[PDB]
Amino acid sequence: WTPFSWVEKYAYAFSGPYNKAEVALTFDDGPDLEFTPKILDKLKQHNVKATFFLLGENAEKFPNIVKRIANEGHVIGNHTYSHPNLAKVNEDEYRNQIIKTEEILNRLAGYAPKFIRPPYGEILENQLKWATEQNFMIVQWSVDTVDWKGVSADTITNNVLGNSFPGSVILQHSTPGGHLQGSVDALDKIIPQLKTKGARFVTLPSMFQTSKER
């Protein structure tokens, strides 16, 4: 496990360029029926695009919310199919979780997503090597809202505003059935205060200057 050396050897990163006044909001585990629509609305009221890492099994249940994300200018990412610990699977099951989710998202969004985020941040070097050759790009995160703990919006705001820098990639969740109401309300405080500091919200394709599709 050498996360640092991998950013020089593969398509793999934790944050973006230091010389741009840009940050990136990302959302995991969706789509869902309660939190994804709210996030989309608050992102609409703040003129902000984001990047959604969607589970393949959840895109099947709510195929229109996948389409709503892409139609509103957001970028869709691959978050595997059934959310397993990729460090505990073999190559064929790893490549099965990726390619299966890709075909589901390609059918709904109209493109094969280029960005992969491994659940729990767990991934192995050979898995990373395979995705690099397949023209993927894995992006983790550098600011953790730890919103799955069900924390409040004020707590998430101080946690985000206290650890955000140019190039920060922020992690939030739109998990079906999670305690994420404070994570949604935090967007009303996080987005304006970072704008006060001069930050612009971009998607992962714009931050790393690459296409959204593979």
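Numbering starts at 1 and follows the sequence shown.
- Legend: mean Cα B-factor per stretch from the PDB entry, 10-18 versus 194-202; the higher mean is in 194-202.
- Averaged over CA atoms, B-factors in the entry run higher in 100-108 than in the other of 100-108 and 114-122.
- When the C-alpha B factors of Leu180, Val66, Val160, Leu43 are read from the deposited coordinates, the top value falls at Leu180.
- For the set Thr175, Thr26, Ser164, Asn58, the PDB entry puts the maximum C-alpha B factor at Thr175.
- For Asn85, the recorded CA B-factor ranks within the middle third of the chain. Only modelled residues enter the ranking.
- The entry lists a Cα temperature factor for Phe208 that places it in the middle third of the chain's modelled residues.
- Per the PDB record, residue ranking by Cα B-factor puts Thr132 in the middle third of the chain.
- Looking at the C-alpha B-factors along this chain, the one for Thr51 belongs to the middle third.
- Annotation for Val169: CA B-factor lies in the lowest third of the chain's modelled residues.
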